[PDB]
*Asks:* 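Next up is a structure, given as structure tokens.
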Amino acid sequence: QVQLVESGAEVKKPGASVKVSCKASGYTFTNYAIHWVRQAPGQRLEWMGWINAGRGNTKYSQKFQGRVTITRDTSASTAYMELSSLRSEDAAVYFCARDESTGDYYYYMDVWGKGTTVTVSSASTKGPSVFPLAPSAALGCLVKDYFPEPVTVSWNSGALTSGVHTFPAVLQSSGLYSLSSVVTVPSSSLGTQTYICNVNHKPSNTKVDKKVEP
Amino acid sequence: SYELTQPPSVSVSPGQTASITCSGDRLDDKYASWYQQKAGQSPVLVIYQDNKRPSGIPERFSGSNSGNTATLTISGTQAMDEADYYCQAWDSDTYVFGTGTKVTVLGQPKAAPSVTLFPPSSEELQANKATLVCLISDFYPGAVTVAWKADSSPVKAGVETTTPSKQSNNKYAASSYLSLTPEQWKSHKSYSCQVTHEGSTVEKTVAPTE
């Protein structure tokens with residue numbers, strides 16, 4: 001079917017530039033325009049511009065002050081968006097979407113991509129400190145002060161899955177992330193069942209196994 | 001530039017009819033489209049050219065454009081229709097999305113939050129740090145507000161709180177952290193995490209002397 005696939009998540013410093021691609025499949029790339037739309041955390045969708053994949057002409061939102069360049073590669077079925085002089089307001093999810101035609105008739109988008117995230121921050125890679133949240137039942141792990149996203153948390157090397165809720169991370173004023181994982185367990189199990197949370201932060205190559213005791 | 005203004009929120013029970021409006025200048029001369037965006041998903045086109053429906057979109061979505069107001073009507077709303085809804089139109093070579101409307105469908109009965117407050121671990125305190133962790137679980141609807149108290153005064157520094165997220169039973173959980181120094185933690189009689197859900201406040205309290 002018609003599908004749009006954006007490239008992977010990016011982590012950038014303020015002032016840098018980022019190039020996101022959108023790979024199109026399931027239709028004739030050359031007959032449609034591709035839109036770029038962004039969404040900052042918790043905010044409205046924001047149109048950035050479009051390119052007619054056939055002719056190559058473009059239209060840009062004037063809000064971006066000529067910081068946006070949209071291009072396409074017809075043999076690759078790929079549209080590109082380059083955002084230069086990144087600043088923290090550019091940290092957002094970036095969607096590509098296909099126009100109903102070439103951006104000049106009914107003015108609606110019929111197919112959307114999955115979106116990709118661009119993080120913009122002056123923070124440097126930092127591994128987390130992992131602390132136990134001892135029971136007294138609910139117990140858990142606090143994964144504190146890391147950058148960038150993400151960390152993954154399993155329990156007992158993945159053996160324990162029911163009653164586990166790993167929260168989305170918070171971004172603190174310091175620029176560093178923090179999250180926690182919790183398990184609700186039966187009070188009987190404490191002191192006989194072993195509970196170990198496994199924290200992996202691939203950008204810093206941090207692996208920590210923490211046993212959570214009463 | 002051109003602006004498309006939407007009400008920020010609509011709350012509805014399953015079966016009721018939701019109406020989302022979108023106002024814009026000369027909207028009557030424009031084609032309006034509507035996109036549905038469920039939590040953590042890409043937008044989906046539900047209405048285009050004011051009132052047309054794409055294939056696969058439920059027929060309970062309908063649209064109208066009259067008197068410079070586009071209106072998205074969801075008849076007999078279902079729980080799965082909970083989403084953000086965006087209006088979209090075109091003006092001066094610019095595609096414009098509306099401000100967006102959060103549509104809440106009260107699908108479950110009201111459930112008050114369970115609150116669990118963890119003090120700083122001794123391991124954290126030995127690393128010269130201290131974080132209180134407040135877990136808020138099993139509540140519905142998904143909206144909650146967190147307030148921290150040190151003794152009885154409101155805490156306005158060091159607080160971060162996650163946006164609620166569904167558990168595996170379709171109730172919501174939330175998380176809140178109060179970052180302190182160990183000296184600040186150890187020099188107060190008590191700290192409390194106060195969770196307000198539908199006008200009713202749940203509280204938990206911890207102390208350095210426990």
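All chains are named by letter (A, B, ...) in the order of the sequence lines, taking the proteins before the strands, and each is independently numbered beginning at 1.
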*Asks:* Please evaluate residues A:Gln39 and B:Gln37 with respect to the criterion side-chain hydrogen bond (donor to acceptor under 3.5 Å, both in side chains), reporting the C-alpha separation (whole Å), side-chain torsions for both, the decisive distance (0.1 Å), and the verdict.
*Replies:* CA-CA 12 Å; A:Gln39 198 168 43; B:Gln37 189 181 23; 2.9 Å; yes

*Asks:* Between B:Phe118, B:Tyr86, B:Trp90, which has the largest tally of heavy atom pairs under 4.5 Å with chain A?
*Replies:*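 It is B:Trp90.
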
*Asks:* Assess whether atom NZ of A:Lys211 is packed by more than 12 heavy atoms of other residues, nucleotides or ligands within 6.0 Å.
*Replies:*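 For A:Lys211, atom NZ is crowded (more than 12 foreign heavy atoms under 6.0 Å).
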
*Asks:* When you look at NZ of B:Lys102, are more than 12 heavy atoms from neighbouring residues, nucleotides or ligands closer to it than 6.0 Å?
*Replies:*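 No, because the 6.0 Å sphere around NZ of B:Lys102 holds 12 heavy atoms or fewer from other groups.
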
*Asks:* So, taking the atom named OG in B:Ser1 and the one named CD in A:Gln62, what distance separates them when rounded to the nearest 0.5 Å?
*Replies:*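 Separation between the atoms: 9.0 Å.
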
*Asks:* Run the side-chain hydrogen bond (donor to acceptor under 3.5 Å, both in side chains) test on B:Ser179 and A:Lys144 for me, step by step, so that the C-alpha distance in whole Å, both residues' side-chain angles and the decisive distance to 0.1 Å come before the verdict.
*Replies:* CA-CA 10 Å; B:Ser179 281; A:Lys144 203 99 197 301; 2.8 Å; yes

*Asks:* Measure the spacing between CZ of A:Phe167 and OH of B:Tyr177 and express it to the nearest 0.5 Å.
*Replies:*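 It is 6.5 Å, given to the nearest 0.5 Å.
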
*Asks:* With only heavy atoms counted, which part of B:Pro54 is less than 4.5 Å from chain A, the side chain, the backbone, both or neither?
*Replies:*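 Neither part.
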
*Asks:* Could you tell me whether the side chain of B:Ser42 and the main chain of A:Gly113 form a donor-acceptor pair under 3.5 Å?
*Replies:*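 Looks like yes, one N/O pair under 3.5 Å.
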
*Asks:* Could you tell me which portion of A:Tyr107 (side chain, backbone, both or neither) has an atom closer than 4.5 angstrom to a non-hydrogen atom of chain B?
*Replies:*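 Contact with chain B is through both the backbone and side chain of A:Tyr107.
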
*Asks:* Any idea which heavy atoms bring A:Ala138 and B:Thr116 closest together, and the distance?
*Replies:*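 Heavy atoms of A:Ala138 and B:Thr116 come nearest at CB-CG2, 4.5 Å.
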
*Asks:* Got a second to check how far A:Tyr108's OH is from B:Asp50's CG, nearest 0.5 Å?
*Replies:*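 It is 12.0 Å, given to the nearest 0.5 Å.
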
*Asks:* Which bit of B:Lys166 comes within less than 4.5 Å of chain A, counting heavy atoms only: side chain, backbone, both or neither?
*Replies:*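 The backbone, not the side chain.
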
*Asks:* Could you give the distance from OH (A:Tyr60) to CG (B:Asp93), rounded to the nearest 0.5 Å?
*Replies:*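 So the OH of A:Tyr60 and the CG of B:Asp93 are separated by 14.0 Å.
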
*Asks:* With a 4.5 angstrom heavy-atom cut-off, is it the side chain or the backbone of B:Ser122 that approaches chain A, or both, or neither?
*Replies:*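 Looking at B:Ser122, nothing touches chain A.
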
*Asks:* I want to check something: taking the side chain as every heavy atom from C-beta on, are B:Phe97 and A:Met109 in contact at a cut-off of under 4.5 Å?
*Replies:*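 They are in side-chain contact.
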
*Asks:* Under 4.5 Å heavy-atom distance to chain B, tell me which part of A:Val164 shows up: side chain, backbone, both or neither.
*Replies:*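 Contact with chain B: none, neither part.
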
*Asks:* Could you tell me which portion of A:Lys114 (side chain, backbone, both or neither) has an atom closer than 4.5 angstrom to a non-hydrogen atom of chain B?
*Replies:*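 Contact with chain B: backbone and side chain both.
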
*Asks:* Heavy atoms only: give me the nearest A:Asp110-B:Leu45 pair and the separation to one decimal.
*Replies:*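 In terms of heavy atoms, the two residues are closest at CA-CD2, 4.1 Å.
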
*Asks:* Angle between ring planes, A:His35 versus B:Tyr95, binned at 30° and 60°: parallel, tilted or perpendicular?
*Replies:*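 Plane angle over 60°, so perpendicular.
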
*Asks:* For atom OH of A:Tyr105, is the number of surrounding heavy atoms from other residues, nucleotides or ligands below 6.0 Å larger than 12?
*Replies:*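 No, because the 6.0 Å sphere around OH of A:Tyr105 holds 12 heavy atoms or fewer from other groups.
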
*Asks:* Indicate the atoms forming the closest heavy-atom contact of A:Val130 with B:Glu123, along with that distance.
*Replies:*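 Minimum heavy-atom contact is O-OE2, 3.3 Å.
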
*Asks:* Within the 4.5 Å heavy-atom criterion, are A:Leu142 and B:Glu124 side-chain neighbours or not?
*Replies:*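 Contact flag for A:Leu142/B:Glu124 side chains = yes.
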
*Asks:* Rounded to the nearest 0.5 Å, what separation is found between the CG atom of B:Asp84 and the CZ atom of A:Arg44?
*Replies:*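 The CG atom of B:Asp84 sits 13.0 Å away from the CZ atom of A:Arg44.
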
*Asks:* Check whether B:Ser168 gets within reach of chain A through its side chain, its backbone, both or neither, counting any heavy atom under 4.5 Å.
*Replies:*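 When you check distances to chain A, no heavy atom of B:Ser168 falls under 4.5 Å.
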
*Asks:* Are there over 12 heavy-atom neighbours, none belonging to B:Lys189, within less than 6.0 Å of that residue's NZ?
*Replies:*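 Incorrect, the count does not exceed 12.
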
*Asks:* Is it the backbone or the side chain of B:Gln6 that comes under 4.5 Å from a heavy atom of chain A, or both, or neither?
*Replies:*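 Contact with chain A involves no heavy atom of B:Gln6 at all.
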
*Asks:* What's the spacing between A:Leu45 CG and B:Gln88 CD if we round to 0.5 Å?
*Replies:*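 Here the rounded value is 9.5 Å.
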
*Asks:* Can you say whether A:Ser173 sits under 4.5 Å from chain B via the side chain, the backbone, both, or neither, judging by heavy atoms?
*Replies:*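 Contact with chain B is through both the backbone and side chain of A:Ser173.
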
*Asks:* Answer yes or no: does atom CD of A:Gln65 have more than 12 heavy-atom neighbours from other residues, nucleotides or ligands under 6.0 Å?
*Replies:*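 Counting other residues, nucleotides and ligands, CD of A:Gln65 stays at 12 neighbours or fewer.
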
*Asks:* Look at A:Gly163, A:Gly115, A:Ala169, A:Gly103 and state which one has the largest set of heavy-atom pairs under 4.5 Å with chain B.
*Replies:*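 Highest number of pairs under 4.5 Å: A:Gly103.
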
*Asks:* With a 4.5 angstrom heavy-atom cut-off, could you sort out which part of A:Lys63 is near chain B: side chain, backbone, both or neither?
*Replies:*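 When you check distances to chain B, no heavy atom of A:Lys63 falls under 4.5 Å.
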
*Asks:* Give, as side chain, backbone, both or neither, the part of B:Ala174 having an atom under 4.5 angstrom from any heavy atom of chain A.
*Replies:*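 Contact with chain A: backbone only.
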
*Asks:* Taking all non-hydrogen atoms of both residues, which atom of B:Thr161 and which atom of A:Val170 are closest, and how far apart?
*Replies:*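 B:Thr161 and A:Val170 have their closest heavy atoms at C-CG1, 4.1 Å.
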
*Asks:* Which heavy atom of B:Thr163 sits nearest a heavy atom of A:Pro168, and at what distance?
*Replies:*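 Shortest heavy-atom contact: O-CG, 4.2 Å.
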
*Asks:* If you count heavy-atom pairs under 4.5 Å with chain A, which of B:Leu135, B:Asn169, B:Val159 comes out on top?
*Replies:*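 Max contact count across the listed options: B:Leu135.
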
*Asks:* Can you tell which part of B:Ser33 gets under 4.5 Å to a heavy atom of chain A, answering side chain, backbone, both or neither?
*Replies:*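 For B:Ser33, the contact with chain A is made by the side chain alone.
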
*Asks:* Examine whether an atom of A:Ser180 lies under 4.5 Å from a heavy atom of chain B, and if so say whether it belongs to the side chain, the backbone or both; otherwise answer neither.
*Replies:*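 Contact with chain B: backbone and side chain both.
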
*Asks:* Could you tell me if the side chain of B:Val44 sits less than 4.5 Å from the side chain of A:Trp112, heavy atoms only?
*Replies:*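 The answer is no; the side chains never approach within 4.5 Å.
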
